[PDB]
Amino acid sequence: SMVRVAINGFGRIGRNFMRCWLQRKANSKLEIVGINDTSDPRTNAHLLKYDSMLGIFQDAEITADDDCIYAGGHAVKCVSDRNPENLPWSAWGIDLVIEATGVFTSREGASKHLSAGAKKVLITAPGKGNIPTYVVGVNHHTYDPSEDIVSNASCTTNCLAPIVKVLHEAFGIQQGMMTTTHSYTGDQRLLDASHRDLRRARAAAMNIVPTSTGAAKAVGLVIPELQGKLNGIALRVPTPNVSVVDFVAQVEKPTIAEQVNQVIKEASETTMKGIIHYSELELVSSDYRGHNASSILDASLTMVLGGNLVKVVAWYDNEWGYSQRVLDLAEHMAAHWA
């Protein structure tokens, strides 16, 4: 029977994850039975239904009362406590917590759900410290059913890793530089305001904002042969969703642009089907909203110089594509449950 899931943090990723599940609900091993968030159920049902990016949820009615959010007859219990130790996970029989607050990414933070009664936690972000990290289509079959806390990495890592994996196997990646031109996120400020990062303090819709990213080093955890070989940065820019990765690799086997493209295309039809999509179309960021792939290779932009310097460019829907992956990782854990 079903794995009972709770969502902790009903934010952009929490609510995209819930909409992904509501559309794949008929063939799932998961049942979302609870949400904890700092707001109330009426606010949250409103935001679940009325989304500036995804539009109005159509498939089922979404309603709320003091206690619950109702999404097409399914009643999802709600609570509101900032400290996960106090959560009613035992009383609700929660198996798996989708940890989407952004604030409990270390083992000590995420463990508080275990001590409140949950059996496992899936963190929708890179882990801090020693937390096993999975990227679906790259290393998710190495999942160890005895792990209690896992990470689904970041959106950028889920875009980059599959492409790196295909290029590494075909050409041998020796070193690699990435830049993601990335939509702003809720971590940034609307107008100039205090922040730990002096660049992310700055009005997000008016600026190109450079920032660091662990995505390129995190690829080394999911593809252990590349540990320490990749580095990169992020530029946040004034769009609200959809991002793009530009990756330049120094490879061992000399090649040309048509061959790099052919290798990716073959992978997108076979071993990376559903993970990498190969696009030959001249599209822009709006067109990739709602796309289900982790990475959409923009084949016209591929270029190679001197045999060994390879550049590829891939799109990702950082909210929705990432949430589809969280859901796939969760379904995978449900099918391998101990």
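Numbering starts at 1 and follows the sequence shown. Definition used throughout: the rigid core is the maximal C-alpha set that superposes within 1.5 Å between two forms.
- The stretch that strays farther, by root mean square C-alpha distance over structures and residues in 8 other deposited structures of this protein after a rigid core fit, is 208 to 216, when 176 to 184 is set against 208 to 216.
- The stretch with the higher mean CA B factor, choosing between 70 to 78 and 168 to 176, is 70 to 78.
- Relative to its counterpart among 154 to 162 and 223 to 231, 223 to 231 has the higher mean temperature factor, C-alpha atoms as listed in the PDB entry.
- In the deposited coordinates, the residue among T101, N130, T181, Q188 with the greatest CA B-factor is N130.
- Going by the entry's values, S279 shows the largest Cα B-factor out of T302, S285, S279, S295.
- When the modelled residues of the chain are ordered by their C-alpha B factor, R199 lands in the lowest third.
- When all modelled residues of the chain are sorted by CA temperature factor, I62 is found within the highest third.
- When the modelled residues of the chain are ordered by C-alpha B-factor, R107 sits in the highest third.
- The PDB entry assigns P126 a C-alpha temperature factor belonging to the middle third of its chain's modelled residues.
- Placement of the Cα temperature factor of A215 within the chain: middle third of the modelled residues, per the deposited record.
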